[PDB]
Each structure stands twice: as structure tokens, then as C-alpha cells.
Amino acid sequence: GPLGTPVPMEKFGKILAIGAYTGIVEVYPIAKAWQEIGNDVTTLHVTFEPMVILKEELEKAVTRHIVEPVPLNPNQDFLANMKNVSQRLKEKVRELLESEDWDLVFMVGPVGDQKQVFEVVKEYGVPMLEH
């Protein structure tokens, strides 16, 4: 049967675990285990205002948990709205990589955002892992 994304349990150092939309449900148990193993993981959840979940849970499991709630405008096709989440996603990552330094970046979310986020990462020389 289907299982969570198989990931290696090592000390990579400082990890940026990203979860887009409901993708955060899956990164939760992963980020929790990396922190316990000795990794400084900071999670980022980018989704719509009415969809944040596990906020309380992973602020207590990682060194730092970031939530970027994008407003769900119901006057536009959903595509127009995802475009906003995609934007907020590049901006925050670009901002976190241009800010502090990371040892690894891991993400789980639509393959269209994984691509856009990969572009920002290959930009800074930080290794990545995609679901």
C-alpha cells in the first residue's frame, strides 16, 4: 500500500521542511523526527487562510514553524488563487535562503510548486529532496 515519503534519518544540520496546502500533514511526522535526531528544522506551511493545520503541533516539534496564510479570493477561478500561493512561496523561500543559511531543503506539495521552489533553491547552492 501507499506510505509516507521514505526519507533518510541523518543529521543534515539546519533543515527547511516545506509543506504546501495539505502537504504539511505529511511533512509533519518527517520534520518531527528530524528535529529529535539532531536537526535544526524550521517548517514552512504555505496555504490559504482557511486551511492552516497542525500549527500548534509542529511549533512544539521543530525549532521554528512558519505559516503564510494567503487569502482565498472566491471571486476568481481557483487557478488565479493558487498563483498567489505560488508567489508567496517563492518569496518566503527566497527570503529565508537570502537571509539565513541552510544545509537542506525538503518539500511536499503540488509538482508545480516543487518546480518553482527548486529554481529558488538551485539558486543558492542548497541541496534538495522532493516527495
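Numbers for residues come from their place in the sequence shown, where the first is 1.
(request) Check the entry's C-alpha temperature factors for 94 to 102 and 36 to 44, then say which stretch has the higher mean. (result) 94 to 102 has the higher mean C-alpha B-factor.
(request) Look over 119 to 127 and 13 to 21 in the entry and identify the one with the greater average Cα temperature factor. (result) Per the PDB record, 119 to 127.
(message) Among the modelled residues of this chain, does the Cα B factor of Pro29 put it in the lowest, middle or highest third?
(response) For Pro29, the deposited C-alpha B-factor lands in the lowest third.
(request) Relative to the other modelled residues of the same chain, rank the CA B-factor of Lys83 and answer lowest, middle or highest third. (result) Within its chain, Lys83 is a middle-third residue by C-alpha B-factor, going by the deposited values.
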